[PDB]
Number of protein chains: 2
Amino acid sequence: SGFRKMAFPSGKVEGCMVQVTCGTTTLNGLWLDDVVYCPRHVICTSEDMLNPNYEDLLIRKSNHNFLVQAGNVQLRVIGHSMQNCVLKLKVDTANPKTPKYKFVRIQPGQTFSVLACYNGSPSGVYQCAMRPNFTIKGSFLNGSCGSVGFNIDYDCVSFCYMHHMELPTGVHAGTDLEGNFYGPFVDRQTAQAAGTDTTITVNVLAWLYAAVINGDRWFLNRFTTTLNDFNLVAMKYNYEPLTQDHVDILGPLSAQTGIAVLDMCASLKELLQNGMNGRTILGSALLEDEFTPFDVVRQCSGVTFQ
Amino acid sequence: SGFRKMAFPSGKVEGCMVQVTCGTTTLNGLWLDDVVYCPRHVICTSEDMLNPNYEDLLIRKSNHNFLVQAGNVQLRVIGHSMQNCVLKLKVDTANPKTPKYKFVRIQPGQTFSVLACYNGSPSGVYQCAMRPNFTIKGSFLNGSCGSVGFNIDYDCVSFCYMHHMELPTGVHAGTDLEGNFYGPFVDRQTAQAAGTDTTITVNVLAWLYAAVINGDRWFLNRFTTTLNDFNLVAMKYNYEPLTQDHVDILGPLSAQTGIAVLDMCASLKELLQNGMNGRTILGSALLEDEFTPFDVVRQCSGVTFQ
Ligand SMILES: *C(=N)c1ncccc1B(O)O
Ligand SMILES: *C(=N)c1ncccc1B(O)O
């Protein structure tokens, strides 16, 4: 037992990180097969980051303008092109440690592991959620551009996120691996800001179910409610709606606890209104919304990867 | 910026996990050079786990009684012996992916990454602290025995922890890699229990300094106190004493914030007495004690590994 914020093992990704240098700017890149992916803003100067025309700035560049280094091994750049917001640098070496992979785009409400990275060297690993407003509350310092987010399905790495920038509130925005941003953000210095966020209701319910499985039952209660009356309360506490599909998805967690899904919503209704009253749940004083039902079924039962 | 619970990248350790089978019991092992380390209770039956004489139960075993499997590759066991509470199985193959490593023993108050593991397959990675009572609040299900904890110093893996069991309160006990338990626990089923714990004061102060660096200043204040008067209050809130060495260690974090160490203790004094008053600190409603000063200087400045 126990419950903790848990990432996938990062070794399969660690074998794909490189550093890309163009001009005076050094960032991270992702090396799969014979291609290195990285944010396209690596070609930009400081005064280019204002109003850039990236088509214009890229035709002014060469194969040799780009330096790639995989640890203590230098890669020859043999081609370059822009796909949406990323640069895609053909190198003369197919990564000998290329895993099975996919490029998927995730939904807000889903989670992923991040491998934060500096000068092509992995520094740390941690779990994240895609916020309803398409930001992520990460930990990234200067030089972490190009660090990726990923999920692992037995032996297959689903890359889902590439880091691009930090917004005013200290949160981060990026793209999927085909270079299309998550949310209404752009790679040119403007006054862009995050936008209003919500709490991910379905995840909170999944985490309450994790706490019952681990022995915190003080917030359980006899009562029930309707899907409709519970949405009246989540609306007023800036929690997103719950659907019959969210209910059907919680089914397996309901049948292991014997707590009908609507019964747990009545619990959540009271937590929202009465607070937690000096107690905690899974060592937290907060209703935690960054675990999905799948995450719970992962830790509170058992699935490994290869 | 940002601040999150962050582990070291796990790839160097992932290359060392195997599964060990003896009788009907399957657990994880650590393969460095030509030796596999694992909890010695793998040789025990169900009714052996009551009052075992491990010297007696091991001489009754053979080299072939032990099956080792590194993924889809089987290892020949050519020798076996007990070192304190672990088994140390000589195999005919030196792990081709043995990293630089050390076997160190950590102090309570220090942190480490765990790679949780099932049938020799890594499942997840997460950061932990050694509690003052020598337990760890982990996430481990049945079959995770032999999973290790570790720190990474540039290219060197300091292995510090091997998991052995789960205690009644859902916390976990284990050994260092020389087989000596952390704390007063034993590998034979008794009524053993965790013992009273404390909050790690020096770490809380380091985390408050992380929140100033990231922009949470609402708990700062003008006042100061003495090292002695602050210990009167930590004594009454079950927080361990603070020493002049803890003060000297916080020095660098004091000079980056301009908040004298004793000034931050007055902050902590008021948080303990007045509560947090419906606010949060680094997305937490709780005073967080599982980051050391080094962890803060790691994320809030920058250090990577290779
Ligand atoms: C990437 N280099 C980066 N990471 C975090 C914040 C800001 C930036 B930036 O685009 O330089
Ligand atoms: C290891 N197999 C283990 N992990 C967690 C809890 C209990 C146990 B046990 O020793 O079987």
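Determination of this PDB entry was carried out by X-ray crystallography to a resolution of 2.00 Å, according to the record.

Caption draft 1: Region of interest: helix α4 (residues 227-236) of chain A. All names here are of chain A. Within the sequence span of α4, burial applies to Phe230, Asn231, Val233 and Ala234. Angularly, the buried residues of α4 cover 160° about the axis, an arc narrow enough to put them on a single face. Exposed residues lying more than 90 degrees from the buried face of α4 are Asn228, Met235 and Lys236. Elements that come into contact with the buried residues of α4 comprise α3 (201-214) and α6 (261-274).

Caption draft 2: Representation of the site of ligand 2. Residues and elements named next belong to chain B. In the neighbourhood of ligand 2, the contacting residues comprise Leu141, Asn142, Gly143, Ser144, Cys145, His163, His164 and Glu166. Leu141 is positioned such that a nitrogen or oxygen atom in its backbone is 3.5 Å from a nitrogen atom of ligand 2. Between ligand 2 and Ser144 there is a distance of 3.4 Å, counted from a nitrogen atom to a side-chain nitrogen or oxygen. Taken together, the residues that form the shell around ligand 2 break down as two nonpolar, five polar and one charged.

Caption draft 3: Representation of the pattern of salt bridges in the model. The final tally for this structure, using the stated rule, is 16 salt bridges over all chains. With its nearest N and O atoms 3.1 Å apart, the salt bridge here joins B:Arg4 to A:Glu290. In this pair, B:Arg4 sits in the segment before α1 (11-14) while A:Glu290 sits in the loop between α6 and α7 (293-299), so the two residues belong to two different chains. The exposure classification of B:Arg4 matches that of A:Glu290, with both residues buried. Between B:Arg131 and B:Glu290 there is a salt bridge, and its shortest N-O distance comes to 2.9 Å.

Caption draft 4: Layout of the interface of chain A and chain B. Listed as interface residues are 47 residues of chain A and, on the opposing side, 47 residues of chain B. Ranking the residues of chain A by area buried against chain B places A:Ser1, A:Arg4 and A:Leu141 at the top, with a combined share of 21%. Applying the counting criterion to the chain A and chain B interface returns 23 residue pairs in polar contact. At the level of elements, α1 (11-14), β9 (111-118), β10 (121-129) and α7 of chain A are the ones that each hand at least two residues to the side of chain A that touches chain B. Ranked by residue count, the leading element in the side of chain A that touches chain B is β10(A), at eight residues. Looking at side-chain class alone, the side of chain A that touches chain B contains 18 nonpolar, 21 polar and eight charged residues.

Caption draft 5: Examining the packing of aromatic side chains more closely. Applying the stated criterion to the full structure yields 20 aromatic pairs over all chains. Summarising the aromatic geometry, the rings of B:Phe3 and B:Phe291 are spaced 4.6 Å apart at their centres and angled 65° between planes, so their arrangement reads as edge-to-face. One end of the pair, B:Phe3, is in the segment before α1; the other, B:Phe291, is in the loop between α6 (261-274) and α7 (293-299), with 288 residues separating them in the sequence. Judged by relative accessible area, which is 13%, B:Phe3 ranks as buried. According to the relative accessible area criterion, B:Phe291 is buried, its value standing at 5%. Here a set of aromatic residues connected by ring pairs shows up, and it is made of A:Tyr37, A:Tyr101, A:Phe103 and A:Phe159. Seen from the ring of A:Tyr182, A:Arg105 lies directly overhead, with NZ or CZ sitting 4.3 Å from the centre.

Caption draft 6: View of the sheet that holds strand β1 (residues 17-22) of chain A. All names here are of chain A. The strand order across the open sheet built from seven strands is β5-β4-β1-β2-β3-β7-β6, with neighbouring strands paired in antiparallel fashion. Each edge of the sheet is formed by a strand with only one pairing partner; in this case those strands are β5 (73-75) and β6 (77-83). The sheet shows a mean angle of 30° between the axes of neighbouring strands, direction not considered. As defined by bridge partners, β1 adjoins strand β4 (residues 66-70) across four bridges and the pair is classed as antiparallel. In the sheet register, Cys22 faces β4, and the bridge partner there is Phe66.

Caption draft 7: Highlighting the relation of the copies chain A and chain B. Superposing chain A onto chain B takes a rotation of 180° combined with a translation of 0.0 Å along the rotation axis, leaving an RMSD of 0.0 Å. This pairing of chains is accounted for by a two-fold axis. Residue A:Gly11, judged by its C-alpha, is the member of chain A lying nearest the rotation axis, at 1.8 Å. Comparing contact sets, 100% of the residues at the interface of chain A also lie at the interface in chain B, consistent with an isologous, same-surface contact.

Caption draft 8: Fine view of the environment of B:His246. All names here are of chain B. Positionally, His246 belongs in helix α5 (residues 244-257). By relative accessible area, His246 is classed as partly exposed at 23%. Apart from residues lying up to four places away in sequence, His246 is in contact with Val202 and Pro241.

Caption draft 9: Inspection of the layout of surface pockets at higher detail. One number sums up the size of the second largest pocket: a volume of about 880 Å³. Looking at the second largest pocket, it is lined by 30 residues, and the ones nearest its centre are A:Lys12, A:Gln306, B:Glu14, B:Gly15 and B:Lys97. If you list the elements that add at least two residues to the lining of the second largest pocket, you get α1 of chain A together with α1, β1 (17-22), β4 (66-70) and β10 (121-129) of chain B. Tallied by class, residues from the lining of the second largest pocket come to 10 nonpolar, 15 polar and five charged.

Caption draft 10: Spatial organisation of the nonpolar core. Ranked by size, the top nonpolar core spans 42 residues in total, and within it A:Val13, A:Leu30, A:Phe159, B:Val13, B:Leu30 and B:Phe159 carry the most contacts. Residues in contact with B:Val13, not counting those within four places in the same chain, are B:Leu30, B:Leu115, B:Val148, B:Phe150, B:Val157 and B:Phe159. Within the second largest apolar cluster, 34 residues are counted, among which are A:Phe3, A:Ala206, A:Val212 and A:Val261.

Caption draft 11: The arrangement of the site of ligand 1 in detail. Residues and elements named next belong to chain A. Around ligand 1 lies a shell formed by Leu141, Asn142, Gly143, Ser144, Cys145, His163, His164 and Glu166. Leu141 has a polar backbone atom sitting 3.5 Å from a nitrogen atom of ligand 1. Here a nitrogen atom of ligand 1 and a side-chain polar atom of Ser144 are 3.4 Å apart. Residue composition of the shell around ligand 1, by class: two nonpolar, five polar and one charged.

Caption draft 12: The arrangement of the packing of helix α3 (residues 201-214) of chain B against α5(B) in detail. All names here are of chain B. Where α3 meets α5, the axes come as close as 10 Å, and the angle between the chain directions of the two elements is 5°. Between α3 and α5, the crossing angle belongs to the class labelled roughly parallel. Facing α3, whose interface residues are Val202, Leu205, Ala206, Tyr209, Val212 and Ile213, α5 presents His246, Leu250, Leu253, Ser254, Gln256 and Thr257. Counted by class, the contact of α3 with α5 contains eight nonpolar, four polar and no charged residues.

Caption draft 13: Main features of the pairing of β4(A). All names here are of chain A. What you see with β4 is a clean split: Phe66, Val68 and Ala70 sit on the buried side and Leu67 and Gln69 on the side with no burial. Across three bridges, β4 lies against β5 in antiparallel orientation. Counted as the bridge partner of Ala70 is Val73 from β5. Connecting β4 to the next strand, β5, in antiparallel fashion are two residues, including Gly71 with a positive phi near 60°.

About the criteria used
- Residues numbered from 1 in each chain as written, not as in the entry; some residues may be left out.
- Chains lettered and ligands numbered in written order.
- Heavy atoms only, no water.
- Buried < 20%, exposed > 50% of the residue type's maximum accessible area, 1.4 Å probe, protein only.
- Helix = DSSP H or I, 4+ residues; strand = E, 2+ residues; numbered from the N terminus.
- Arc of directions from axis to C-beta.
- Contact = heavy atoms within 4.5 Å.
- Near = heavy atom within 4 Å.
- Polar contact = N/O pair within 3.5 Å; in protein donor to acceptor, adjacent residues only side chain to side chain.
- Nonpolar A, V, L, I, M, F, W, Y, C, P; charged D, E, K, R; others polar.
- Salt bridge = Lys/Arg side-chain N within 4 Å of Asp/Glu carboxyl O.
- Buried area = accessible area lost by both parts, 1.4 Å probe.
- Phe/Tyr/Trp six-rings, centres within 6.5 Å; stacked < 30°, edge-to-face > 60°.
- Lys NZ or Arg CZ within 6 Å of the ring centre and 35° of its normal.
- Pairing = 2+ DSSP bridges.
- Axes fitted to C-alpha atoms, helices over the stretch in contact; angles between N-to-C directions.
- Least-squares fit on C-alpha atoms.
- 1 Å grid on protein atoms, 1.4 Å probe; cavity = no way out; pocket = protein on both sides within 12 Å on 5 of 7 lines; lining within 4 Å.
- Points joined across faces, edges and corners; volume = space filled by probe spheres on them.
- Core = buried A, V, L, I, M, F, W, Y, C linked by side-chain atoms within 4.5 Å.
- Parallel < 35°, antiparallel > 145°, perpendicular 65-115°, else oblique.

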